[PDB]
Amino acid sequence: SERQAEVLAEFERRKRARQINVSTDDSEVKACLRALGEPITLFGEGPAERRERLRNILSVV
Amino acid sequence: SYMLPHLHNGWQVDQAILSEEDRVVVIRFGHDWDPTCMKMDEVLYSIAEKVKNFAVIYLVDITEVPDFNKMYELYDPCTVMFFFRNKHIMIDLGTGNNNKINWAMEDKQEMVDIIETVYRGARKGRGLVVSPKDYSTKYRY
Amino acid sequence: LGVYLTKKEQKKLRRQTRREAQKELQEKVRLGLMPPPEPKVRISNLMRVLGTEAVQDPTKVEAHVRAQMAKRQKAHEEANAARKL
Amino acid sequence: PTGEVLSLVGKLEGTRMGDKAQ
Amino acid sequence: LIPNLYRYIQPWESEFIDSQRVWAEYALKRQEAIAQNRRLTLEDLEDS
Amino acid sequence: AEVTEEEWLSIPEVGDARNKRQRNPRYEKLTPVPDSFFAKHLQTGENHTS
Amino acid sequence: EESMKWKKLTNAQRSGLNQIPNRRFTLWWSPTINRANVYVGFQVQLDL
RNA sequence: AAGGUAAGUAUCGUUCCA
RNA sequence: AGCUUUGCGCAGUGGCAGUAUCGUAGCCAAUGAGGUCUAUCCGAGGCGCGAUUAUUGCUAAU
């Protein structure tokens, strides 16, 4: 009967992250990633999903 | 003919019947050098891509696989057998034989017609489906 | 200084904003933070939507649909009032 | 007796086109 | 015996001679109507 | 026999010329004839009296 | 079937749908077509 | 001689065969 | 102080069309897209591909 649900946290982090500025420049993308420490890309991770991953990562910090 | 995948021994064709659940297995038993078998092994070429969603076509040379000649009556030059979820789907043609299409046809629409009819009747769970066209004649006149 | 993006991307950005809002609303409703949207009904839809239930107590049903209309109009009017300079 | 259609060649000895159609 | 279509279509010869005769009748039945000052009707032309 | 080993690797993959709206048409709806024909057919079959 | 006539149908269904008028015709003349004088040969009864 | 097999689910009997 | 013009937003009311809407880290494009009338003129998007119940969701029965 307990809540045991953090899915509302998932929706709120999604809606905050959707309103988070991300540079449209891959260079900036990778500069910010190196600033935080994330890799330039994953195996078969193109530019659009690179920017999306950057957005998902700065959703926390 | 040569473009479609080929099966070499008895185990492979049984696996190909068993390795599928959501389509129909259309096996062309015969000899790919036969004038009859080569007449319809190009019809099966021209529609292999079209029926990819609900049909897979394998070719079998009965000389290479002499394991189903006696049980399925492989003595006409060309034979077509439809299988669904490891179950031979009988089909009622205009001809007396209702287990195979033992003649090579010419029109690429009618074979897709028959394959789709077989799939439709096999999703329901039938064992004998009824073809749209009647093959008690050749409509020649 | 800034630049003035053209009408094509004006329409594109407006469509992005509206689709974004619609999808966020639908996801929230699927979560259930708000009730599923009750069908907006008018006088012309009165017997199309609620007619079977409107035969028994017609005046109650028309009062309810007019209350919904008044609530929509009040939301609009006080939205303008809040946006008033 | 059979349903096959018999050619009326040689069956026109006593008939005309306009007869029985006035 | 099933009736054949052969006996239910008038020959062209009869049709042409009857067309001549019937149009003569219609011409005689219309020029008179000019003098008598009335439009024709189904009653007169039913026989034709 | 005198075709270079690389030239067989340089064979171009031919493609279709027609566009999407002619290779893969959206299903063509088959609607009935407008009912004005049913009325006109019988209207043409009525005669005057004079 | 007249409703099905306009619906989005694969040609397989349409081929087997245009012959619906051929079944009511066979039924309407079944006492004559399904006869012993015609179609000479053995007979089989329906299972049920 | 044909073009005329509805496809199935059951217990029971038999027989070859492993 | 009002009046009033135009663009862009937010909503509201109403009408109309579902053989059409939408995407373009595909390409080209006012350094000209595209041209049937009228061409010493015209002059903005076009193409290719993908999604599709010819935009997309819920609720509702069976």
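Taking amide hydrogens as placed 1.01 Å from N in the peptide plane, the amide H of B:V129 sits under 5 Å from those of B:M90, B:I91, B:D92, each at least 5 positions away in sequence or on another chain.
Relative to the globular-protein estimate of 2.2 N^0.38 Å, the Cα radius of gyration of chain A stands at 1.33.
Only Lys, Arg, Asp and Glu carry charge here, each on its Cβ (+1 for the first two, -1 for the last two); on that basis the stretch B:1-105 has a dipole of about 260 debye about its Cα centre. Restricting the calculation to Cα atoms, the stretch B:2-136 yields a radius of gyration followed by a Dmax of 13.5, 37 Å.
Among the residues of C:16-24, the average count of other protein chain beta-carbon atoms within 10 Å of the residue beta-carbon is 1.
Counting, for every residue in G:12-23, the Cβ atoms of other protein chains within 10 Å of its Cβ and taking the mean gives 3. Considering only B:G30, B:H88, B:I47, and ranking their Cα positions along the charge dipole of the stretch B:2-136 that arises from unit charges at the beta-carbon of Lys, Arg, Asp and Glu, the one farthest toward the positive end is B:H88. Taking every C-alpha pair closer than 8 Å and separated by at least 6 residues, the mean separation divided by the residue count of chain A gives a relative contact order of 42 percent. Toward the positive end of the charge dipole of chain F, with +1 on the Cβ of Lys and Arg and -1 on the Cβ of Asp and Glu, the farthest Cα among F:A1, F:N19, F:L30 is that of F:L30. In a solvent-free Debye calculation with one equal scatterer on each Cα, what is log10 I(q)/I(0) for chain E at q = 0.22 Å⁻¹, listed in the order of the q values? Normalising to I(0) and taking log10 leaves -0.82. Distance between the 7 Å Cα→Cβ label points at B:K133 and A:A17: 5.6 nm. Other protein chain C-beta atoms within 10 Å of residue C-beta, averaged over E:7-13: 4. A simple charge model with +1 on the Cβ of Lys and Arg, -1 on the Cβ of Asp and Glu and nothing else charged puts the dipole of chain A at about 160 debye relative to its Cα centre.
Relative to the Cα centre, the charge distribution of the protein assembly as shown, modelled as +1 at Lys and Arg Cβ and -1 at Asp and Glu Cβ, gives a dipole magnitude of about 3360 debye. The calculated pair-distance distribution of the protein assembly as shown uses every alpha carbon pair, bins of 10 angstrom beginning at 0, and gives 3, 9, 11, 12, 15, 16, 14, 10, 6, 4, 1, 0 percent. Between B:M3 and B:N86, residue separation times 0.36 nm minus the direct Cα-Cα distance comes to 27.4 nm. Rg of the Cα atoms in the stretch C:43-82, relative to 2.2 N^0.38 Å, amounts to 1.42. Taking a label point 7 Å from the Cα of G:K5 along the Cα→Cβ vector, which residues of the stretch F:28-48 have an amide N closer than 13 Å to it? Counting backbone N atoms under 13 Å from the label point, the list is F:30-35, F:38. With bins 5 Å wide beginning at 0, the percent of Cα pairs of chain G falling in each bin runs 5, 15, 17, 15, 14, 11, 12, 8, 2. Here A:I40 and C:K28 are evaluated by their C-beta separation; at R0 = 45 Å the FRET efficiency comes out at 0.80.
Based on C-alpha pairs under 8 angstrom that are at least 6 apart in sequence, the stretch B:2-136 has a relative contact order of 29 percent. What is the distance in Å between the Cα centres of the stretch B:58-125 and the stretch F:22-46? Cα centroid to Cα centroid, the span is 41 Å.
Note on A:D26 and F:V33: their simple-model spin labels are 6.2 nm apart, each label 7 Å out from Cα toward Cβ. Taking 25 Å as the limit for the C-alpha separation, the pairs B:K52/G:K8; C:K7/C:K28; C:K11/C:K74 exceed it in the case of C:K7/C:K28; C:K11/C:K74. Secondary-structure-derived ellipticity at 222 nm for chain A, considering helices only, amounts to -17500 deg cm²/dmol, per-run term -39500 (n - 2.57) for DSSP H runs with n ≥ 4.
Rule-based calculations on the coordinates, nothing more; no lab input. All Cβ positions, even for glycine, are placed from backbone atoms using ideal geometry, and neighbour counts span all protein chains on display.
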